[PDB]
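A.B. asks: Pasting a structure below so you can have a look.
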Amino acid sequence: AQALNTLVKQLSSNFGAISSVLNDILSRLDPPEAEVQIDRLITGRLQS
Amino acid sequence: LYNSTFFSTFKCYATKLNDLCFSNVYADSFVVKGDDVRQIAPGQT
């Protein structure tokens, strides 16, 4: 149970990027700046 | 308003027309210098 509960809570971690919501950086940043920051949350969520 | 070149910045903190969906939105109007438009920006303390 508490291995899943770690895994769900790390959705909301920023991993050093701007938001942990991809609705935020896609609908606010420039498309070359969105695609660098959305590249950062992918690897961060993968290590979870 | 945005599709115009009579203006100088349109800087928002385009994605700027779909990010614009919130509550009471203001129109804070004031007279700046060109060295003061520079600091109409978040922070700039």
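Ligands are numbered from 1 in the order shown, chains are lettered A, B, ... in the order of the structure tokens, and residues start at 1 in each chain.
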Only residues of chain A matter here; which ones have an atom within 12 Å of chain B, counting only C-alpha atoms? Give them as a ChimeraX atom specification.
C.D. replies: /A:23-31,33-34
A.B. asks: Would you please give, as a VMD selection string, all residues of chain A that DSSP assigns to alpha helix (DSSP H) based on the backbone?
C.D. replies: chain A and resid 2 to 9 22 to 26 31 to 47
A.B. asks: Limited to C-alpha atoms, could you put the picked residues into a file as a PDB file, in the first residue's frame?
C.D. replies:
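For reference, result-v3.pdb as written:
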ATOM      1  CA  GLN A   2       2.671   2.479   0.950  1.00  0.00           C
ATOM      2  CA  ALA A   3       4.695   1.794  -2.158  1.00  0.00           C
ATOM      3  CA  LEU A   4       1.783   2.960  -4.286  1.00  0.00           C
ATOM      4  CA  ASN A   5       1.233   5.941  -2.022  1.00  0.00           C
ATOM      5  CA  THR A   6       4.752   7.074  -2.628  1.00  0.00           C
ATOM      6  CA  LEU A   7       4.146   6.660  -6.329  1.00  0.00           C
ATOM      7  CA  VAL A   8       0.974   8.720  -6.533  1.00  0.00           C
ATOM      8  CA  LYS A   9       2.386  11.604  -4.491  1.00  0.00           C
ATOM      9  CA  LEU A  22       1.727  20.006 -17.700  1.00  0.00           C
ATOM     10  CA  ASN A  23      -1.334  22.136 -18.297  1.00  0.00           C
ATOM     11  CA  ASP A  24       0.664  24.995 -16.791  1.00  0.00           C
ATOM     12  CA  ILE A  25       3.844  24.954 -18.853  1.00  0.00           C
ATOM     13  CA  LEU A  26       2.183  23.969 -22.130  1.00  0.00           C
ATOM     14  CA  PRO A  31       6.695  25.950 -27.542  1.00  0.00           C
ATOM     15  CA  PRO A  32      10.503  25.626 -27.500  1.00  0.00           C
ATOM     16  CA  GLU A  33      10.381  26.435 -23.786  1.00  0.00           C
ATOM     17  CA  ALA A  34       7.462  24.098 -23.152  1.00  0.00           C
ATOM     18  CA  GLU A  35       9.224  21.206 -24.849  1.00  0.00           C
ATOM     19  CA  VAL A  36      12.341  21.603 -22.726  1.00  0.00           C
ATOM     20  CA  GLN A  37      10.434  21.761 -19.453  1.00  0.00           C
ATOM     21  CA  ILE A  38       8.034  18.974 -20.419  1.00  0.00           C
ATOM     22  CA  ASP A  39      11.174  17.008 -21.255  1.00  0.00           C
ATOM     23  CA  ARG A  40      12.260  17.539 -17.672  1.00  0.00           C
ATOM     24  CA  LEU A  41       9.120  16.213 -16.029  1.00  0.00           C
ATOM     25  CA  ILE A  42       9.180  13.103 -18.189  1.00  0.00           C
ATOM     26  CA  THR A  43      12.512  11.869 -16.873  1.00  0.00           C
ATOM     27  CA  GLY A  44      11.646  12.906 -13.332  1.00  0.00           C
ATOM     28  CA  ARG A  45       8.398  10.972 -13.352  1.00  0.00           C
ATOM     29  CA  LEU A  46      10.156   8.027 -14.913  1.00  0.00           C
ATOM     30  CA  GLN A  47      12.628   7.716 -12.055  1.00  0.00           C
TER      31      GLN A  47
END
A.B. asks: What gap, in Å, lies between CA of residue 14 (chain A) and CA of residue 48 (chain A)?
C.D. replies: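 If I compute the distance from CA of residue 14 (chain A) to CA of residue 48 (chain A), I get 12.2 Å.
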A.B. asks: Pick out the residues sitting within 10 Å of residue 9 (chain B), and hand them over as a PyMOL selection string; count only C-alpha atoms, and ignore anything fewer than 6 positions along from it in its own chain.
C.D. replies: chain B and resi 2+37-38
A.B. asks: Just write the chosen residues, C-alpha atoms, as a short mmCIF file (atom, residue, chain, number, x, y, z; two decimals), in the first residue's frame.
C.D. replies:
data_model
loop_
_atom_site.label_atom_id
_atom_site.label_comp_id
_atom_site.auth_asym_id
_atom_site.auth_seq_id
_atom_site.Cartn_x
_atom_site.Cartn_y
_atom_site.Cartn_z
CA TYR B 2 -3.40 41.46 -29.01
CA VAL B 37 7.98 49.71 -18.42
CA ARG B 38 11.03 47.48 -17.87
#
